[PDB]
Amino acid sequence: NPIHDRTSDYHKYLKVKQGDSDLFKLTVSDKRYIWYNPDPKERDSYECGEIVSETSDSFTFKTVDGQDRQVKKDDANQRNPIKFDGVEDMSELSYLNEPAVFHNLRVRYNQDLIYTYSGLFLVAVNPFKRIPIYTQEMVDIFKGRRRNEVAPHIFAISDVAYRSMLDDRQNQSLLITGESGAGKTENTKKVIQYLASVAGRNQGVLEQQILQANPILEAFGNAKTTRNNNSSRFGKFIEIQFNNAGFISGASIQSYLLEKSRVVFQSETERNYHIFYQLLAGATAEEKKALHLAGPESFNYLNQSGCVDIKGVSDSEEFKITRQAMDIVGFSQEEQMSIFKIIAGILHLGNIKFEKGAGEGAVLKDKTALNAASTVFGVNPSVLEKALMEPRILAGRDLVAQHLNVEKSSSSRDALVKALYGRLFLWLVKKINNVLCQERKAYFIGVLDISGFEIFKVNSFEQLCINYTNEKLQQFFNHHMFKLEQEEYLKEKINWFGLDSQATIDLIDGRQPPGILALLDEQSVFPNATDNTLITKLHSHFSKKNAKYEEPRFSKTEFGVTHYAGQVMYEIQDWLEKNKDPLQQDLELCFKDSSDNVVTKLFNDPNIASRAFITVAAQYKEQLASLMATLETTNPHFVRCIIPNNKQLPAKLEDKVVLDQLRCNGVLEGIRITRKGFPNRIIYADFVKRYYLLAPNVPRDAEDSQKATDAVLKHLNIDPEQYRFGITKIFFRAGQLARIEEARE
Ligand SMILES: [Mg+2]
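Conventions we followed
- Counting starts from 1 on each chain and goes along its sequence as written, which need not follow the entry numbering; residues with no coordinates are hidden.
- To get the side-chain values, all heavy atoms of the structure are used, and hydrogens and water are removed first.
- Residues with missing side-chain atoms are left out of burial classes, side-chain pairs and their counts.
- Here a cavity denotes grid points, spaced 1 Å and computed from the protein atoms alone, that fit a 1.4 Å probe unable to get out, and a pocket denotes an open set having protein on both sides within 12 Å along at least 5 of 7 lines; residues with an atom within 4 Å of a point are the lining.
- Grid points are joined across faces, edges and corners, and a volume is the space filled by probe spheres set on the points.
- Charged residues are taken to be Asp, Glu, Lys and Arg, nonpolar residues to be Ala, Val, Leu, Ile, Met, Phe, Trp, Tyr, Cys and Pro, and polar residues to be all remaining types, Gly included.
- What makes two strands pair is DSSP finding at least two bridges between them.
- Segments assigned H or I by DSSP are reported as helices when at least four residues long, segments assigned E as strands when at least two residues long, and all are numbered from the N terminus.
- For helices, the fitted axis covers only the stretch in contact; all axes are lines through C-alpha atoms, and the angles between them, taken along N-to-C directions, range from 0 to 180 degrees.
- Working rule for contacts: check all heavy atoms of both residues, and any pair within 4.5 Å makes them a contact.
- We call a set of buried residues a nonpolar core when its members are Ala, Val, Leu, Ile, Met, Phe, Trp, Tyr or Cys and they connect through side-chain atoms within 4.5 Å of each other.
- The cut-offs for exposure are 20% and 50% of the maximum accessible area for each residue type, with area from a 1.4 Å probe on protein chains only; residues under the lower value are buried, those over the upper are exposed, and the others partly exposed.
- Helix span, expected: 1.5 Å multiplied by one less than the number of residues in the helix.
- Throughout, the arc means the angular range of directions from the helix axis out to the C-beta atoms.
- Polar contacts, as counted here, are pairs of nitrogen or oxygen atoms within 3.5 Å of one another; within protein the pair requires one atom able to donate a hydrogen and one able to accept it, and residues that are adjacent in sequence qualify only if both atoms are side-chain atoms.
- Each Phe, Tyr or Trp ring, with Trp reduced to its six-membered ring, pairs with another whose centre is within 6.5 Å; inter-plane angles below 30 degrees give stacked pairs, above 60 give edge-to-face pairs, and intermediate values give tilted ones.
- Domain start and stop points were drawn from an automatic or database domain assignment.
- Any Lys or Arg side-chain nitrogen located within 4 Å of an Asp or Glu carboxyl oxygen qualifies as a salt bridge.
- UniProt positions are given in the numbering used here, feature names are shortened, and annotations may be inferred rather than shown by experiment.

A.B. asks: I'd like to hear about empty space enclosed by the protein, residue by residue, with values.
C.D. replies: To find the voids left in a structure, one rolls a probe of water-molecule size over its atoms. Space inside the largest cavity adds up to approximately 60 Å³. As for the largest cavity, its lining consists of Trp35, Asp44, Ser45, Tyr46, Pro99, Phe102, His103, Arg106 and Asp655. The residue inventory of the lining of the largest cavity, partitioned by class, reads four nonpolar, two polar and three charged.

A.B. asks: Explain the sheet that holds strand β10 (residues 235-242) to me, and be specific about the residues and the numbers.
C.D. replies: Pairing is mixed in the open sheet, where seven strands are placed in the order β5-β6-β18-β7-β14-β10-β11. The open sheet is flanked by β5 (115-118) and β11 (248-256), the only strands paired with a single partner. Strand-to-strand twist in this sheet, taken as the mean axis angle between neighbours without regard to direction, amounts to 20°. Pairing of strand β6 (residues 121-125) with strand β18 (residues 635-642), which is carried by five bridges, proceeds in the parallel orientation. Within the sheet, the bridge partner assigned to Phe121 lies in β18 and is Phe638. Across the face of the sheet, helix α16 (residues 461-486) comes into contact with β6, β7 (172-178), β14 (443-449) and β18 while running at roughly 125° to β18.

A.B. asks: So what's going on with the nonpolar core? Which residues, and what values?
C.D. replies: Of all hydrophobic cores here, the largest spans 182 residues; its most connected members are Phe220 and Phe276. Per-element tally for this core: the top contributor is helix α15 (residues 406-436), with 13 residues. One finds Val688, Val698, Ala711 and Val712 within the second-largest nonpolar core, a separate group that totals six residues.

A.B. asks: Residue-level account of the sheet that holds strand β19 (residues 680-683), with values.
C.D. replies: The three strands are arranged β19-β21-β20 in an open sheet whose pairing can be described as antiparallel. The strands lining the two open edges of the sheet, one partner per strand, are β19 and β20 (723-726). Averaged over all neighbouring strand pairs, the angle between strand axes comes to 25°, with direction disregarded. Across four bridges, β19 lies against strand β21 (residues 729-732) in antiparallel orientation. By the bridge assignment, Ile682 is partnered in β21 with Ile730. Along the sheet face, helix α27 (residues 705-715) touches β20 and β21 and points at about 170° away from the line of β20.

A.B. asks: For helix α23 (residues 616-632), give the residues involved together with the corresponding values.
C.D. replies: For α23, which comprises 17 residues, the first-to-last C-alpha distance of 24 Å matches the rise-based estimate of 24 Å (1.5 Å per residue) to within 8%. Among the residues of α23, those classed as buried are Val616, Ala617, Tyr620, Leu624, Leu627, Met628 and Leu631. Taken end-on, α23 shows its buried residues confined to a sector of 105°, consistent with a single buried face. Its side-chain oxygen placed 2.8 Å from the backbone nitrogen of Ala618, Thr615 serves as the N-cap of α23.

A.B. asks: Requested: an account of the packing of aromatic side chains, with residues and values cited.
C.D. replies: Under the definition given, this model contains 26 aromatic pairs. With a centroid separation of 6.0 Å and an interplanar angle of 20°, the aromatic rings of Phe453 and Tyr564 are classed as stacked. On the accessibility criterion, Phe453 (16% relative accessible area) is buried. For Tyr564, a relative accessible area of 22% translates into the label partly exposed. Every member of this aromatic cluster is reached through a ring pair, and the members are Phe461, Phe542, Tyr549, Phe559, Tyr570 and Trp575.

A.B. asks: So, the domain arrangement of the protein: which residues are in play, and what are the values?
C.D. replies: Annotation of the protein at the domain level lists domain 1 (32-79), domain 2 (87-270 + 439-453 + 635-676), domain 3 (271-330), domain 4 (332-438 + 582-611), domain 5 (458-581 + 613-634) and domain 6 (678-745). The C-alpha centroid of domain 2 is placed 36 Å from the C-alpha centroid of domain 1. Between domain 1 and domain 2, the residue contacts involve eleven residues of the former and ten residues of the latter. Here the residues of the side of domain 1 that touches domain 2 sort into three nonpolar, three polar and five charged.

A.B. asks: Go over the pairing of β14 with me, naming the residues and quoting the values.
C.D. replies: Walk down a regular strand and you will see the side chains alternate between the two sheet faces. In terms of residue burial, β14 counts as a mostly covered element, since seven of its seven residues are buried. Of the two faces of β14, the one lined by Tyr443, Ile445, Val447 and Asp449 and the one lined by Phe444, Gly446 and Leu448 are each fully buried. Pairing of β7 with β14 involves five bridges; the strand directions are parallel. Within β14, the position partnered with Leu174 by the bridge is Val447. As defined by bridge partners, β10 adjoins β14 across seven bridges and the pair is classed as antiparallel. Residue pairing for β14: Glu239 is matched across the bridge by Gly446.

A.B. asks: Residues and numbers for the pattern of salt bridges, please.
C.D. replies: According to the stated counting rule, one finds 31 salt bridges in the structure shown. Between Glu54 and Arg32 there is a salt bridge, with its nearest N and O atoms 3.1 Å apart. With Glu54 in the loop between β2 (47-53) and β3 (60-62) and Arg32 in the loop between α2 (24-27) and β1 (33-36), the pair connects residues that are 22 residues apart, well separated along the chain. The partner of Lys367 in a salt bridge is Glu385, with the nearest N and O atoms 3.3 Å apart.

A.B. asks: So what's going on with the UniProt feature "binding site: ATP" in the protein? Which residues, and what values?
C.D. replies: Those places that UniProt annotates as "binding site: ATP" correspond, in this numbering, to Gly178, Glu179, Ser180, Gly181, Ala182, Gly183, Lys184 and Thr185. By the element assignment, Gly181 lies in the loop between β7 and α6 (184-199). Apart from residues no more than four positions distant in its own chain, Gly181 is found in contact with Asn126, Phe128, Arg227, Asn228 and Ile643. As for its placement among the helices and strands, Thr185 is situated in helix α6. By relative accessible area, which is 11% here, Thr185 ends up buried. In this structure, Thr185 is in contact with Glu218, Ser232, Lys236 and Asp449, ignoring residues within four places of it in sequence.

A.B. asks: Give a description of the environment of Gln402 that names residues and reports values.
C.D. replies: Take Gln402: it is sitting in the loop between β13 (398-401) and α15. Taking the C-alpha atoms as reference, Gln402 lies 4.9 Å from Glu390; in sequence the two are twelve residues apart. Other than its neighbours up to four places away in sequence, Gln402 contacts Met389, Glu390, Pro391 and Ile393.

A.B. asks: So, the environment of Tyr277: which residues are in play, and what are the values?
C.D. replies: Turning to its location among the elements, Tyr277 is positioned in helix α9 (residues 274-282). Taking relative accessible area as the criterion, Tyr277 reaches 3% and is therefore assigned buried. As for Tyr277 and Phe456, which are separated by 179 residues in sequence, their C-alpha atoms are 28 Å apart. Setting aside residues no more than four positions away along its own chain, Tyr277 makes contact with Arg271, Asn272, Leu302, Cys307, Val308 and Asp315.

Structure (structure tokens):
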């Protein structure tokens, strides 16, 4: 078995290679060094400065440059002992700086060791290249092993979650967050792969359908972006259900924040959702015409980015898969026709060209596109038409038709296309749950795959939402950690409420006084309100009045929020519209009556076609509240997915790119946090082992251990605070271990 077999791929690909030497001796060297910046402008850069002279206060050190400087002792980023280079859990490090953390991540990454623990977290750095560690053979090795037993790995956290479920009869959760392209979705699929293996139907029908859902969701909710060729344009919470026996009984999927806008617009080089391209590459020459299908270059919705294909991707071939998956989960052939018809029609509606000329309102000179949409949708063109350009509107009394100009007409068409697509996605999800979900379930393991904090060039309503969710998840973490401590130091014999996250949280979601969303909702009821009134109202209530808010020196359309991960500047353009998310009623009417059986559902099912009516912000707050409650009932696990750089290249781990993520994701906080206490809390039989020699008394594997522990401390004649005697482990403060290991034989 590979765990013991230094020749196995397990050893190869998952562990830091070992030689038959054990020496605390081999390790040995005669000097002591540190972490510095060869230019304080760029601080994430650092070099190792050999300390040469010491004082009492500071420390002089030699540079890579050859030069020599001086630092404060209380400003020192002390380099851990080389022995530590590559440890599996950074919680093991003596000095817990930032460069110290990055260094260990890097040393590992240079060895292709992408997974590392950091206390509670499992850190995973995208390698941007394939690493064969996800085979069934790799699966098998993880089975039933403790975290301390095997190398860091997603499979590992998954197994721990599963045994805890079974053991504690407690539900579990895995929170997988981080930047686009960090490896969130990849890792999530592995979690499910692993679960399906260790808990499914021996070689499964359900298992396959559960497996087959992703690809259905991915064709519809995934798209190529500059950051990822297969970006998830929606968030999700996957619940894997089990019976009391521990076997998979079902599953359920919750989706969030689907990027509807992408349907009608994609940035340069980007792509619209995958399905569009698959549909047009894989339908038969015969389904096309049937759908009046042509090429992407012939569609407005697909010929604007300039990108219509992905390197290493066969849209026609990926379409088989999708269609296949639909078949497995159980989509009727006719259910499938309709899904494709919708996609097609949406493709047609974008092809509609409004012209003005005539007077002031828009007009449809050519009805080619219109007709085609109507056809495939199973709707009556003149109505659609009428609904698009001349929608009836209330004047309280007056239900009267308005004649839309070209732009207004266009936006409506767009609003229509977006509704169609989001409702469709909704339906797909429901339909899948319908098949997979269990009413009757004993336990569950839930997997949250959603982005981490979003701080772009342009931050809008959607970034606020994701950011809000992130503040809550970050608060959950901190709290959790706080608790894992409160009752627990009180386990191995150790000593000794309000969140800093609350204010930010309150600023956004508070009811009284009203926070951003409430005022946003308020402004939403007045039809005649604007981005300006809105932004005016926010500044009015929070400028110089709320500490987490900032009114810009100059911009009149943005505001800043001091988030966990730092300040984020938001722009309010279109927020009223986004909050209401309007669709002309006649449009609804047009479609409520549709030949198409799938279409009817989208407009006829209040579960699909309607919000509550609550606002988009109200609904978001609500679903965020439901999600957390659930989480609150689980034993959680945190995975931090990191991109090594912004270029999608392997072998390029950029200190700035990385640290920034470490800063924003809570990895850096937790560290410094325990940093304060007693992080190093070693095992007795574990210290005397590597440290029986540095003491003229102590021998290797003995019985009276904690006593033996006393020895070296004695021989080493150490002080009452750098260390702590705790029933099981010897708690060591920071650098205690460094210095210690830093002694002679
Ligand atoms: Mg993803």
